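Values below: every heavy atom of this structure, side chains too, minus hydrogens, waters and symmetry copies. Each chain gets a letter, A, B and so on, in the order its sequence line appears, and its residues count up from 1.
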Number of protein chains: 4
Amino acid sequence: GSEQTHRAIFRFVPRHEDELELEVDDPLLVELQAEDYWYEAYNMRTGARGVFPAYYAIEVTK
Amino acid sequence: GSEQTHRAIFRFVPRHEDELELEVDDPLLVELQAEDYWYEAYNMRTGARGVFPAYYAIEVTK
Amino acid sequence: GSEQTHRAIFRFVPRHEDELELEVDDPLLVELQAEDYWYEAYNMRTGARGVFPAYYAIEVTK
Amino acid sequence: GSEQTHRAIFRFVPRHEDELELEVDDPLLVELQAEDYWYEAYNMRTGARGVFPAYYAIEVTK
Ligand SMILES: OC[C@H]1O[C@H](O[C@H]2O[C@H](CO)[C@@H](O)[C@H](O)[C@H]2O)[C@H](O)[C@@H](O)[C@@H]1O
């Protein structure tokens, strides 16, 4: 979809090229699964895309 | 020191060469706690060295 | 239904008799999503049925 | 009373006697981090005491 799917809960500052920087409460759009325990997403606040540790975000209320 | 400082609470599978693999409850000797929220540590179970997202581990208690 | 509906993302060790024990990645068949934010499900790995805090599992990515 | 140790990230409505009700963002003073992944704590907003699933809260003051 095009709507927010997750919200970051921990600050994440990249050290690697493919990573997505996160600020607490950052809205995230995740569209694929993980397996690696890493999520690939679009940060709706910064407009950047990349991966981050899966447990650094929570699915938006259901 | 050389005693456990933290315990992993989330599974972490390295995606990058410098990362440290973690399994929940792994005893960790955290040596570096960096400004960018990445921690450098020795995994006391596996014997490996590497970095991982800071919030994947919590300090030991008691 | 007879195919996985949700995936457990945190380990959950029951403290009460009606709870369903969970291990990360456990394939769950959620049969009821209660209004008090607890899910009733069948654990496809253990063959047991029980309840657990709703946020311990996420819907599978179709 | 000591200082806040954790913050609730998920809504938790008790179904059992000994449980502590949580609202997202509730300040928590965790007195015991049990080995069965349940936390015994004081809810600094409601003033209540009880247990809750460990992964429903995150540590503060990293
Ligand atoms: O293994 C996935 C299926 O698990 C259940 O069904 C099986 O488990 C039953 C008892 O719990 C057995 O009697 C049956 O023979 C097993 O195949 C579930 O009911 C199915 O819907 C799942 O696909």
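In terms of heavy-atom proximity, A:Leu29 sits nearest to A:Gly1 at CD1-O, 3.9 Å. In this structure, A:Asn43 and A:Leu28 approach most closely via the heavy-atom pair CA-CD2, 3.9 Å.
Taking 4.5 Å as the heavy-atom cut-off, the residues of residues 51-62 of chain B that approach chain A are B:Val51, B:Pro53, B:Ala54, B:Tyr55, B:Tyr56, ordered by number.
A search for side-chain contact (heavy atoms from CB on, under 4.5 Å) contacts involving A:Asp36 returns A:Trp38, B:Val13, B:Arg15, not counting sequence neighbours. Qualifying side-chain contact (heavy atoms from CB on, under 4.5 Å) partners for B:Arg49, counting only residues two or more places apart in sequence or in other chains: B:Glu31, B:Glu40, B:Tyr42. Annotation: salt bridge (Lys or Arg N to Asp or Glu O under 4.0 Å) contacts of A:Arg11 (sequence neighbours excluded): A:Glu21, A:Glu23.
Between A:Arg7 and A:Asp25 a salt bridge is recorded (basic side-chain N to carboxylate O distance below 4.0 Å).
Heavy-atom neighbours of B:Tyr37 OH from other residues, nucleotides or ligands within 6.0 Å: at or below the threshold of 12.
For chain B, the nearby part of A:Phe12 is the side chain; its heavy atoms alone come within less than 4.5 Å. Of the two parts of B:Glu19, only the side chain, counted from C-beta on, holds a non-hydrogen atom closer than 4.5 Å to a non-hydrogen atom of chain A.
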